[PDB]
Amino acid sequence: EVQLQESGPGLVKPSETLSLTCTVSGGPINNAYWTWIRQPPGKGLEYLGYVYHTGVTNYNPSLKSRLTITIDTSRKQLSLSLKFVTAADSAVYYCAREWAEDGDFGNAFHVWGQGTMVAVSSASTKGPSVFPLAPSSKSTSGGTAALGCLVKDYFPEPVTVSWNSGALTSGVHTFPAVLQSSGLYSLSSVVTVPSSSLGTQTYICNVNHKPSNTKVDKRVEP
Amino acid sequence: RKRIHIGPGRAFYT
Amino acid sequence: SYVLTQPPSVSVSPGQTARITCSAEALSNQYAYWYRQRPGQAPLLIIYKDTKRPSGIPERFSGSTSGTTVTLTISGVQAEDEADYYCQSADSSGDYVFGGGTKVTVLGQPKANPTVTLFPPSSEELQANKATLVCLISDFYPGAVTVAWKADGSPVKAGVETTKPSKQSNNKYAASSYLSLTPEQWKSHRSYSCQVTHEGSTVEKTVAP
């Protein structure tokens with residue numbers, strides 16, 4: 001039942017300090033080494049360190065000098081502080097639980113958060129422009145009607161998309177983003193539906209771009 | 001049979 | 001200090017047994033741990049302390065230890081087992097190390113033809129003095145496609161942005177291609193085409209202003 005949720009700035013400038021938080025829910029704060037692990041795009045996992053509820057820490061020797069991990073037991077939150085970041089620090093940062101108790105799995109990470117993406121760049125944050133992609137049968141080769149939302153020119157990653165506040169999931173496909181030559185990202189989310197079902201349903205794409213503190217709920221009309 | 005990193009939160013020594 | 005060495009790639013046919021090795025001098029007196037990671041997903045613990053399975057992990061996944069080498073064995077391999085597999089260890093001092101990861105590829109998977117969806121610029125985008133054609137490609141295998149844009153039968157090379165294909169959650173691939181135009185360029189042509197070529201065959205969609 002233990003669940004972990006990471007929160008971060010999305011973007012940090014080179015030489016600055018990266019600050020992250022992990023919130024623990026659905027389980028005790030005791031009997032665990034609360035762990036940070038990271039993964040650069042297309043690369044492998046790298047250990048960062050842990051904090052125990054008493055405040056005791058353990059760090060990857062290669063990163064110890066730049067890294068500080070702290071815990072707030074009352075809030076069931078732990079924090080990461082990584083000083084003097086470079087492009088080598090651009091990665092998805094995971095919070096994970098190492099269970100530490102009689103009957104545990106040893107030095108293993110049995111539950112992980114979904115991770116938070118961190119880009120180390122001089123570029124500024126940019127919220128997306130969201131455009132509706134009006135319903136059309138002639139749009140697709142798939143024998144259905146297709147509608148969607150174009151999410152354009154945002155930075156950094158990621159944007160998440162849901163439809164009708166999560167009430168519409170079948171036929172939803174949110175595509176991986178493209179890195180445009182401008183240095184900005186774009187993606188599309190498409191809903192494929194029977195053409196006869198058009199007009200019986202309201203379609204709104206819920207766009208979330210946490211790095212820019214922007215949300216957009218875009219109505220897609222015929 | 002093998003040694004783990006114990007850390008502050010284990011009564012690994014009975 | 002120590003490094004965990006695992007091969008970057010292992011290929012097997014359906015129904016066969018995949019074997020992934022991880023080796024270090026450190027492993028003689030240290031436990032190993034195995035993780036499976038699917039694209040766009042957090043890792044899943046599959047083996048702990050060399051040989052033990054967590055409750056959700058079936059017997060077809062087995063870990064073994066022999067001196068300075070540990071082995072993850074996956075029997076009855078199917079397409080759903082395609083993922084990155086990581087070995088991991090820790091020493092007494094608290095130096096936790098991951099291997100470089102092993103990509104498992106399942107050979108002999110059947111071809112899947114692409115679905116192509118093309119949207120014209122929205123009226124809202126045109127009012128913002130911009131124009132983007134959106135070509136979305138999904139459910140294809142293997143993961144190699146070519147995208148060609150045309151305006152009234154003439155190739156368009158400038159203003160094209162196209163993704164590398166990536167794995168969907170059904171082991172098929174998805175890709176996207178975007179054509180940027182001025183609203184003036186958009187209205188000046190009778191029709192635009194997104195032509196998607198996959199395994200020698202082409203699926204084309206057209207749009208007209």
# chains A, B, ... in the order shown; residues from 1 in each chain; ligands from 1

call {"tool": "residues_around", "arguments": {"residues": "residue 12 (chain C)", "least_positions_apart": "4", "cutoff": "8 Å", "atoms": "only C-alpha atoms", "output": "list in words"}}
result
residues 16, 17, 18, 77, 104, 105, 106 and 107 of chain C

call {"tool": "closest_atom_pairs", "arguments": {"of": "region 62-122 of chain C", "to": "region 181-188 of chain C", "cutoff": "12 Å", "atoms": "only C-alpha atoms", "output": "CSV"}}
result
residue,atom,partner,partner_atom,distance
C:120,CA,C:186,CA,9.2
C:121,CA,C:186,CA,8.4
C:122,CA,C:183,CA,10.6

call {"tool": "residues_around", "arguments": {"residues": "region 120-124 of chain A", "least_positions_apart": "2", "cutoff": "12 Å", "atoms": "only C-alpha atoms", "output": "PyMOL selection string"}}
result
chain A and resi 9-18+40+82-92+117-118+126-127+154-157+182-184+211-212

call {"tool": "closest_atom_pairs", "arguments": {"of": "chain A", "to": "chain C", "cutoff": "6 Å", "atoms": "only C-alpha atoms", "output": "JSON lines"}}
result
{"residue": "A:44", "atom": "CA", "partner": "C:100", "partner_atom": "CA", "distance": 5.4}
{"residue": "A:60", "atom": "CA", "partner": "C:95", "partner_atom": "CA", "distance": 5.9}
{"residue": "A:110", "atom": "CA", "partner": "C:45", "partner_atom": "CA", "distance": 5.5}
{"residue": "A:114", "atom": "CA", "partner": "C:42", "partner_atom": "CA", "distance": 5.7}
{"residue": "A:139", "atom": "CA", "partner": "C:118", "partner_atom": "CA", "distance": 5.0}
{"residue": "A:140", "atom": "CA", "partner": "C:117", "partner_atom": "CA", "distance": 4.1}
{"residue": "A:141", "atom": "CA", "partner": "C:116", "partner_atom": "CA", "distance": 5.5}
{"residue": "A:142", "atom": "CA", "partner": "C:115", "partner_atom": "CA", "distance": 5.8}
{"residue": "A:178", "atom": "CA", "partner": "C:163", "partner_atom": "CA", "distance": 5.3}
{"residue": "A:180", "atom": "CA", "partner": "C:161", "partner_atom": "CA", "distance": 6.0}

call {"tool": "residues_around", "arguments": {"residues": "residue 208 (chain C)", "least_positions_apart": "6", "cutoff": "8 Å", "atoms": "only C-alpha atoms", "output": "list in words"}}
result
residues 120, 189, 190, 191 and 192 of chain C

call {"tool": "interface_residues", "arguments": {"of": "chain A", "to": "chain B", "cutoff": "10 Å", "atoms": "only C-alpha atoms", "output": "VMD selection string"}}
result
chain A and resid 30 to 33 50 to 58 99 to 102 104 106 to 107

call {"tool": "closest_residue", "arguments": {"among": "C:92, C:146, C:21, C:78", "to": "chain B", "atoms": "only C-alpha atoms"}}
result
C:92

call {"tool": "select_by_dssp", "arguments": {"residues": "region 20-186 of chain A", "states": "strand (DSSP E or B)", "output": "PyMOL selection string"}}
result
chain A and resi 20-25+32-39+46-51+57-59+67-72+77-82+91-99+111-112+116-120+126+129-136+140+145-155+160-163+168+172-174+178-179+185-186
